[PDB]
Each structure stands twice: as C-alpha cells, then as structure tokens.
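What follows is one structure encoded as structure tokens, with my remarks underneath.
2 protein chains.
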Amino acid sequence: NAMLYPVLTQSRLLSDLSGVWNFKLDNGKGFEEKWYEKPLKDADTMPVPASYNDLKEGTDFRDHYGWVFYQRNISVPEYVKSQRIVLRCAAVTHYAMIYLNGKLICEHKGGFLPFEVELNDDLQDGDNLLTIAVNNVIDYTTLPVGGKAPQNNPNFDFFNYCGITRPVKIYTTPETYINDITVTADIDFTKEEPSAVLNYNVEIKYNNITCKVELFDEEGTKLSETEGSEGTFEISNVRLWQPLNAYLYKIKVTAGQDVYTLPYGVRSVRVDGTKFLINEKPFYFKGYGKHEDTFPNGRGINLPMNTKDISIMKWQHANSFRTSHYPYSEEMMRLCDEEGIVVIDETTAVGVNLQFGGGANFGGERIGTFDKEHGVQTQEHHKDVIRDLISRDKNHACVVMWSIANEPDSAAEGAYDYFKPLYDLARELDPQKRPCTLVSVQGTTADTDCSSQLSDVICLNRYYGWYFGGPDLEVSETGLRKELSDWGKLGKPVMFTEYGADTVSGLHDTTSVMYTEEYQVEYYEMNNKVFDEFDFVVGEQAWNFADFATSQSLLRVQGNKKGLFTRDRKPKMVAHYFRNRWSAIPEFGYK
Amino acid sequence: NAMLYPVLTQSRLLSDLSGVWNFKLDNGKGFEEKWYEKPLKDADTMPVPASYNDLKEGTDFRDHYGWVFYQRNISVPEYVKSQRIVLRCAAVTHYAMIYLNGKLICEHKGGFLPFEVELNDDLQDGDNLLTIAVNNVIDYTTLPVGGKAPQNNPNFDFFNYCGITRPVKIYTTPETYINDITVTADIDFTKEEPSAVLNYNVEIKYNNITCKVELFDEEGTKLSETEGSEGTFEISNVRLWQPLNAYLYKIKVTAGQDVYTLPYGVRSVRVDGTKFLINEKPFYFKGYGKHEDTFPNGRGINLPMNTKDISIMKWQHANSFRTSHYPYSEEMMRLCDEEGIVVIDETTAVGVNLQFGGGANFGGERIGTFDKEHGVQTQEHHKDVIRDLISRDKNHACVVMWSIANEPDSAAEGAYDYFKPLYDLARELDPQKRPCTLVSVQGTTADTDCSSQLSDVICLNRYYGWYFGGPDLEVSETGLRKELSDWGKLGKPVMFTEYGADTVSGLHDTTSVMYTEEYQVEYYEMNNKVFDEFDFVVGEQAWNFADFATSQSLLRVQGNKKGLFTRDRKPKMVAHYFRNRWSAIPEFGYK
Ligand SMILES: Cc1cc(Nc2ncc(Cl)c(N)n2)c(OC(C)C)cc1C1CCN([C@@H]2O[C@H](C(=O)O)[C@@H](O)[C@H](O)[C@H]2O)CC1
Ligand SMILES: Cc1cc(Nc2ncc(Cl)c(N)n2)c(OC(C)C)cc1C1CCN([C@@H]2O[C@H](C(=O)O)[C@@H](O)[C@H](O)[C@H]2O)CC1
C-alpha cells in the first residue's frame, strides 16, 4: 500500500541493482522448463533499467509477444541480515513475476507503479539466482487497454515498451521501521507575512518507540521539533513553494533506530469559479503533455533527459506538464519539486474508450465500452492504480491535480457509473483534497460528458485544424469557438491538455501545407487566438513536448510527429513561437 | 594502483550514489568562500553520472571555463562501520577534489580512469556533506592536451565534456581484503582438443589467511579448486573465448572473510610476420573508432546505448572497435567480454602533436612538440595513465592490444625519446605481453615514423579522398596505393584505425559531391579497393561509428559528421554498404 522513495539514510542502505543482466526471450516452453531455477542457457545481455524493445535488431525482438526472462546474481553479507531486506521494483512493465532460487516470491499487475517484497525468508547465504520475468500482454483487463484486432494491439497511440522500466534496488530498515509519512498544510493568507501550520502523521511497523520529527529549511538550519506519531509545526513567515520558484523544507523523522527525511513544499491548491488557484492566486497552465520516451531507452528512466527536458521548459517559459499517460518516475517527480514545475499526475487509464480501431463486435452487435460482460474489465485494477498512485505521490507539492483517465468513452452508456466510484476514491484518499479531472476525447460536449459533473476542472483534447477541419484553419476556428463557448456555460475552469499537428522537422513552405513547420505554427496561432477570447480558459498544454514512438500505421510517420521538439529534443520552429508567446504571459493574473 | 570493478558479493556491498545532486558553477570566489563546508546556496540540480555541458541552456553553461561544484548528503548506519568504507569514482573529468564535511580527503588528475579513497576516518555518524569539485581546464600538462589560442582550446577534435562522467559508488570489504587479481593463460594448441592452464595470483591487505580460488563455467558448474595466493588450473578441452563467440569462465576467489568473482575468457594474442593472430589464427579487424558520445549525456556513461551500439555492430557484421581517445567505462569493457567484441584499449594521450591550430610560437620560433621547456609537459602523467589503464583492464579477454597515443607528432625531433619509456612501461606491466601500438597521423611515412620501430602493429589514420585529394577519388587512390605500398616494406601488420568523410544525413546526389551520402560510400569503395590489394593489411576501422560533438568551427557541421550512423544511431547509406561488405568477409583467413 505505502511506498516511500528509497534513499540513503543513517538507518537504511540503498543497493542499486542496475547493470547488464542475463536475458532470454520466452519461446513458450519457458515456464514448463522452469528456467527460473536454472541459470538461463544461451542467454543474452540487457541493461536494467530500460525497455528492451529497441536494444536489439530485428522485428522478432521489437515486436515480441509475451514473456521475457531477466536473471542475475545477488549476494548480501551476513552482517547485514540484522536488518530487514526488501527488494523494491520502481516499476516493471507490465506484469512482473519475481523468483529467488526458483521459488515465486512476488507478483505485480501494473506497469508503472512501484511494488516491493521482503527477502529475509528466501535469502540463502552465498550467491543467489534472482529471476524477474516480465509480460507485455495487454487486453481488456489491463491498464492501459489492449485491443482486439499472435500480437498485441494497443488501444492507445504509443509504443508498447516493456521490460524493467525503472530501477530495481535493495534497501534495509530496522525491524521496526517507518513505513508511510503524510504531511498536509493549512496556510494562513490573511497576514501581511503569511504563515502556516503543517499537520504530520507517521505510520510504523515492537511498534512502540519514540517519535522524533525535526524540520529544516533548504539551507540546512533546524527550525522546530515535535514528538509523537502525529504532531504539528508552526512555520512563521513561511517560504511558500511557488511555480517556477520552488522552496523545499526538509523533514527529518527519527523513530526508534530509523531516520528518514522528506523534502516538502508548502503550497495551497483550490478551485473557485472559473479560476484555478495556487496559493490563492489565479494560475495559467503553460506547458505540454509529455511521454517518458527517449532513444533507445524506450520508456526506461532517463535522469539526464529529465534534467534536459526541464532546462528546455525553463528556456521556453513553460510551467506545467501532465504525466500522459501513466505515472512517471519518482525521480522525475522529486525533480519537479526542486525545480518548481506544476505536474498533473495521471493514471495508466488510457484506452478505455472502445470506439477506436473501428471497434470490436460480438453477436453482430458492436460492443459498448462499459458492457458488463464484453467490455472493459478494468475497474477492479483501475481502483488499485488510483490507490498506489496517491499513496506514492501524496506529498509532492508539484502535483496540483489528478487525472483519472485519458480519453475514456466518457459520454457513453455506463460511463458515469464507471468513474463515480473512481473519483470518490480519489477525493477521499488524497490528504490535500486536490482537484480531480479526466481528459475528454474529441466529440464530447458539455451536455454529454460525464466529466461535466465529476470533475473540478474540464480538460479537453481537441484537434480543430488537424484531424477535424484541417487544412481549413478558418472553418476550424469557427468550430473551436463554437464548442469552446459552450463549455463556458458550466462555470468551471477549462484547459486544453492536448492540441497539436504532426510536423516532420525539416519540411517547410512559404504557403504552408499540413505536416510542414509553417502549418504547425499557424495551427497554434489559430487555436491560441480562440483560447485567449475566453476568461474561463486557464491553461494550454501542447501535444506533444517531443516526437515519440508508436506502433506502425499509415497515419504515423515513423512515430508521432506532433512534438514541439524532435525526439532528441531539438526545437521545431513552433518551439520558438511558443517560447515567445509564453514569454509575454505570466504564471498568475493572465485573466 | 589496483582497481577491481566493484560488484555485489557475499562480503561487499555496493551503494550507487547516482541521482540528482546539488550543483553550482564556480564564479572564482568559490574556494575562497569555502563552499565545500557549507551546503551550496542558490544551488542547481544535476544528474550523476553525466557530463554537465549539455544539460542546461545558454552558452554560459555549455562553454564554462574552470570549476564546478557537486554536493550531496551521504549517510551510513553504524552497523556497517565494521567493514572498511571506500568511495570509488569510476571517473571524474578532468581533475577531481573530494571534500567531506569540509576537509579535502582526495585529489585525482586524470579524467577517464577510476580512483578511490577510504572514508572510515572522515565519516561522521549522521548525514554528511559530500562535495566533489570538478575542473575542466586543459593545457600542455593534461592528457588530453589543451592548446594555446578565458577559454579552453582543445588540441583534439571532440568536445570538452566535463563533470562526473562515470558513476560514483560506495562499497565495503573486511579490513583484510582482496585488492588485485591477475590471471594469465598458456594455451596448448598442439592437441586435437586444445586445453590450457591458467596462472592466477591474488594480492591482499592481518594479511595472513586462507586463499580459496574456485573455477566455474558460464552455466555455473564448478570445475576445479586450488589454494594459495598463487596457483593454477588445468582446464582440459577448454572453451576458447573467440571474437563474435565469447565464453566466460567464472573465478570465485574466497580469502578470509572476502569473496570476489571475476569473469575471464581464455584466448591468446600473438603477432607473427604480417599476421595478427588471435588463438593462433589470422584475424581481420572489422569495425570502427568510437566515442563515448551521446545526447544529452555528453561523455557520461550510457549502458542502454552501449548495448544498442553492440546490437548494431552484430547487425553490421563488425567485430572490433577502439576506445578513441580515452579509456571507456568498465561496464562497456565487461560487456565486450560477454558479447565477443575485440577492443583496442587506448589512453587519453591525444593532442600531443603540436603542429595543429597553426601551432604556437615562442620567441618568434615555432615550438616543437617535445621541446623540453616550452612543449608537452605530459610524460610524467602519460606514464601514470599507462599504469592505471593496464591495472584496470589487464584481465579483459576482449582487449587484444594497447594504443599509447592518438596522432602524436611521432615523426618529430624528440618523439622516439618520449615514447620508448612509455612502450617499455606498457610491455612490462601487461601480464599477457600484448601488442602495443600508436595511431599515426597523416603525414608520417614508414621511414620517418617512430612507430615503425616501437610498435608491434602499424595503425594509420588516413584521409585520402577527404582532406587530402578530395573530391578527386582517382588521384587520391594513387596516393593511397603509393603510401600503403611503402608501409608494406616493414613486414609488420598494417591496419587503418581511422578513415572517413563528413556526410550530413539526408544530402544526396546521383553524381556525388562532398558531404553527400553517395560521396561517403564512394570514398570507402576507393579506400577498401586498395586495402584489399595488400595482404599485410589486417584491419579496417572506419571513422567514426557515429556522429559526435566537437568545439565549433567552420569545418565542423554541427559536430563531426564522419559517422557511419547519425548521433542517434540511425544508419547512413554507408552503413548498409559496410554491412554488405563485412558480411562477405570473415573474422579469420581473409588473407
Ligand atoms: C483521430 C481520432 C479521431 C476520433 N474520431 C473519429 N475518427 C475517425 C473517423 Cl472516420 C471519425 N468519423 N471520427 C477519435 O474519437 C473516436 C474514435 C472515439 C479519437 C481520435 C484520436 C485518438 C487519440 N487522441 C489523443 O491525441 C494523440 C494523437 O492523436 O496524437 C494521442 O497520441 C493521444 O493519446 C490522445 O490523447 C486524438 C484523437
Ligand atoms: C585535417 C588534418 C590535416 C593535417 N595536415 C594539414 N592540415 C592543414 C594544412 Cl593547410 C596542411 N598543409 N596540412 C593534420 O596533420 C598536421 C596538422 C600535423 C591533421 C589533420 C586532422 C587532425 C585530426 N585527425 C584524425 O581524424 C578525425 C577527424 O578529422 O575527423 C579526428 O576527429 C580524430 O581525432 C583524428 O584521429 C585527421 C587530420
């Protein structure tokens, strides 16, 4: 349930298992021949962390269907068995099965969230045979959703990168440990010098022991102390965490023979009318929808590209993005804390719409998305994911909002009844009672979108001037203004979380045509002109930040080319257009 | 002196320090204000491992001159202070100064080789302030060499990527530990089923204790045992490590309360006449000169790209490369062991030639390279580097040769006397008495090159058809045949370690011109035609494997575009040409 980011501490170690592991593709007979017990014969090499799909040649590898086997030797000195020994998987994509010496010791469904397992019982003095098996199959029971029509069929527009996506490490704790930590903030904005009070709450598991919780500022000075599993601080004249201007207090929580620190930023999130308020000021989202996508790591974690992406944002004068379409690495989340970037944390819930791909049929009847017997089997797991996500990222001052799903069939029979339990579960599990949304596919209207009722903020993905209307930007404008005007009638805040136009870097014309850099700039001029007409529009997020990989098809020119930047982060012409527009537009008070 | 690759073992831990550190650029007043004692004020973020030059925007960052400061908190639990606690720096570029709490505890000159420091004495229960400062200045006393004409002036054709290039980890050992391990092999090739005997030799530092050394095969079976600091095995019907067909025995060396394993491949390297023999067969080098260069890591380690590079080689039917122009990561070296790739391990000794850049002058007299007062001050350090390199990579069955320097002024007054001490030091420190070379700049002839005497193999970097003769490939051919014919008269083996032609991916013509993909293919046709005429040519290595970054100048179209592949590893047309040529050409017996 609870998952704190493993770091180095006086009481806990951190042994990164990253490196070149042994690796074999399953042929079917894999589990039969109990490969997890023996070391893999005729093996292959494969770095961890990383998606495996692009690190070898040939379609047989990129396009593989099913299971892969990672192996490796691990060994701990007996002098460390005094502590409890846990194996944390930052993320395995999609389904993981972890053996040790040949004995299944764990299982996890869910390809983008961490999960751990205790090792004490199964550790065997000497070198041990660690085998993690990974499965890439997606169907109507996975999140993201795999379609219908031996090969996967992603019901989503990005490539099915699989393998050990994020790092596999080992850490330890004294057998009575800190397990969760929760921290909230009530900020008093009436004062001339605003001050605030932090509510904490530590959870443990000989659980009776002293509970020290000290508070430092970013320089390192100590400022307060308190005792108890729950407690309080009264930071006066507090330094508010702000977008593009972060401040991180530190929180050293001593308890028994265990210490853990947690950066924390003080800020307030509140909707009010047509105004998305951060620290009781009216925000405007400037930014993009992103992917964890790079060459050749695939979806694998890339701490260098994370910092380079953030550099480019601060260069472009952006302030937000959205973890389309799955939670990002803990490391990227921590970085947004230090760097001051507003994030829209979003679940793996993409592809629950079921009209894509010309749809699937049953008895000559086209299935509806939320059909009880033939449609998405994903609410059980969709709920697990809301739980794991918020348990992980609850404390991140950068997360100002939750995205329950991306482009679900939210205007359909069965939709409201699928999402209500999920929103409720989100607004009840988030200690900071943060706004909740979902990203509405093209086609929905204010009248028909089950998001008009459940959502604190309306998030549209619209393509007026690309799929709908292009190349006639004038007509497309009238379309966008008409629909946008309608959404105004809800009185809620509206933002675009996705708009864009495929552009192959290099293609130009003085009089533009689709796919050229000139057309891409003109498309954003038209859209943005209309955005600026309506004071309830509180955010623009382009799709996408950068070119990224997709399953092949006629519509996809060697991937999705809707990026403002090429896949190696080099600016298309539109990147300068946006950088100039965002420069003349503030974080606060644009309305 | 001795540096074994830190791994996970029953007796030793491995705590990778990689992550986002604190980071500030020096302004001059850095050391004055003793920033290493306090935590950095107004800091910045920076992933480690990685060059910092490309991870922020603006020339002030990319082009910075001088010092940078990395900071970070480290903390060990007192229950681990029983063992000795060492901080290993895989590589800092160029000069590192390591503080702890404010007390200089280490220093290293040398930007591409590992170096460690014991922490027990300076560790202070609690969180500690680890500050590594890094310096990028190059001049006549550094390897590589920095030129003359506040900015660096690389006397080499690649970008001055600096910062913490390879990972910083922490490992431990029992206070009497294994420190080095050496292993050689005499192979008996007379038998029908060749067998061999391995000579080992362990070094330690209560040094009196038992010495167990067990031998396993790759599957994991144990095959032998022996006791003693020195000893022997008699692997019968042995499995010879071969190029593109690796086999790795494992060697578990128990000694006191310490275990360490070391993969090892059995093979023989021997020159004989005009024939470079691996396992007493006549090899032909197929491959390229490489860089540790990727976006945006710079020179920083990239285990995903390492595996992807090796995939591409096996796709192209290559078998070798050369660590131009500095030693690569230990991880890449280990990988070549498992993958079966022949490496030419090479020192940081590039830019000792001093005729580049129009040269530097003194009293109206142009300085010669090896002038005793005004020229290269680098033999002291050049010798350290030969030592560190061979102490690190001595056991790697993939290293079949040593490159002392790249394009030194080897036909000049003073040259022979500079290199003789260095070769000798190389042929005496390498337990396997492996061939030694240096890469000869254009201009040298057999008669004039001090490499004709010192070197077991002649390695030419020639550009007939690019800088010299291009665009007239016919004339250039006559030039190449004439010079090449000459080198034949030494009776030694000759190989080209560098040839190539800048090619901007995308530029084409039916009737080619320079910089097009068609010209690049034609240039290699001409060169290779002449190579194939001479049976003493035993290797072709293209320059370069992939496009890489350089200091700016008119001659460098957004970097060095001589790659067979673009900087993101995508094939230029020549890559298919080579893949087809190398397919019809074996590892052995091409002559
Ligand atoms: C092109 C299309 C059309 C329709 N409608 C429709 N199609 C064909 C015909 Cl003949 C017809 N009459 N109508 C449509 O809705 C129907 C099918 C339910 C959906 C969408 C795409 C699905 C994915 N998106 C979002 O934008 C990104 C991108 O496309 O680049 C994705 O990468 C990203 O995940 C995603 O967030 C945009 C629309
Ligand atoms: C172009 C040149 C010319 C001369 N000679 C000369 N220049 C101008 C004039 Cl007017 C003149 N009459 N003669 C020369 O030798 C003299 C200067 C000592 C050296 C070289 C380059 C130095 C670097 N190399 C190697 O190839 C790679 C690459 O160039 O791409 C590098 O990246 C790589 O490090 C390196 O291994 C090739 C030659």
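Protein chains in written order, with the authors' numbering: chain A, -1 to 147, 165 to 220, 224 to 609; chain A', -1 to 147, 165 to 220, 224 to 609. A prime marks a further copy of an entry chain.
From the three backbone atoms N, C-alpha and C, an ideal C-beta is built for every residue, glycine too.
Cβ neighbour criterion (16 or more within 10 Å) applied to residue i
| i | result |
| --- | --- |
| A':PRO165 | exposed |
| A:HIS526 | exposed |
| A:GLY246 | exposed |
| A':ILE227 | exposed |
| A':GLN122 | exposed |
| A:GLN471 | exposed |
| A':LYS451 | exposed |
| A:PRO604 | exposed |
| A':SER9 | buried |
| A':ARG384 | exposed |
| residue 161 of chain A | Missing from the coordinates: residue 161 of chain A, inside the break in chain A from 147 to 165. |
| A:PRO182 | buried |
| A':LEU38 | buried |
Residue i - containing beta strand (DSSP E), residue span
| i | result |
| --- | --- |
| A':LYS230 | 229 to 234 |
| A':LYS22 | 17 to 23 |
| A:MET419 | 417 to 424 |
| A':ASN194 | 193 to 203 |
| A:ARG86 | 82 to 87 |
| A:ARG288 | 287 to 290 |
| A':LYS220 | Here A':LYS220 belongs to no beta strand (DSSP E), and DSSP marks it neither H nor E. |
| A':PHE294 | 293 to 296 |
| A:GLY109 | From DSSP, A:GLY109 is part of no beta strand (DSSP E); its letter is neither H nor E. |
| A':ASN168 | Where A':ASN168 is concerned, there is no enclosing beta strand (DSSP E), given that its DSSP letter is neither H nor E. |
| A':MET1 | Counting along the chain, A':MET1 falls outside any beta strand (DSSP E), and DSSP gives it neither H nor E. |
Contact test: residue i Cβ vs ligand 1 heavy atom, cutoff 6 Å
| i | result |
| --- | --- |
| A:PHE204 | no |
| A:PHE374 | yes |
| A:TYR485 | yes |
| A:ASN371 | yes |
| A:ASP565 | no |
| A:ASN479 | yes |
| A':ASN546 | no |
| A:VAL459 | yes |
Inter-residue CB distance, residue i and residue j (contact presumed, cutoff 8 Å)
| i | j | result |
| --- | --- | --- |
| A':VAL90 | A':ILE179 | 6 Å |
| A:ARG285 | A:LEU258 | 6 Å |
| A:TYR265 | A:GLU236 | 6 Å |
Check: residue i C-beta below 6 Å from any heavy atom of ligand 2
| i | result |
| --- | --- |
| A':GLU31 | no |
| A:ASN315 | no |
| A':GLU310 | no |
| A':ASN578 | yes |
| A':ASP172 | yes |
| A':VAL143 | no |
| A':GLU516 | yes |
| A':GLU425 | yes |
Element boundaries [alpha helix (DSSP H), containing residue i]
| i | result |
| --- | --- |
| residue 150 of chain A' | No atoms of residue 150 of chain A' appear, because in chain A' residue 147 is followed directly by 165. |
| A:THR396 | Note, A:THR396: premise wrong, no alpha helix (DSSP H); not H, not E. |
| A:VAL539 | 535 to 549 |
| A':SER329 | 321 to 334 |
**Asked** Unbroken alpha helix (DSSP H) runs of length 4 or more, entirely within the region 31 to 77 of chain A': which are they?
**Response** Counting only unbroken stretches of 4 or more residues, the alpha helix (DSSP H) elements lying wholly within the region 31 to 77 of chain A' are 57 to 60, in sequence order.
**Item:** Entirely enclosed beta strand (DSSP E) segments - the region 428 to 493 of chain A', minimum 3 residues
**Value:** 454 to 458 and 476 to 479
**Request:** With a floor of 4 residues, list each alpha helix (DSSP H) that falls wholly inside the region 339 to 375 of chain A, ordered by position along the chain.
**Result:** 348 to 357
**Prompt:** Which residue spans inside the region 504 to 533 of chain A' form an unbroken beta strand (DSSP E) run of at least 3?
**Reply:** Those beta strand (DSSP E) runs which fall completely within the region 504 to 533 of chain A' and span 3+ residues are 512 to 516.
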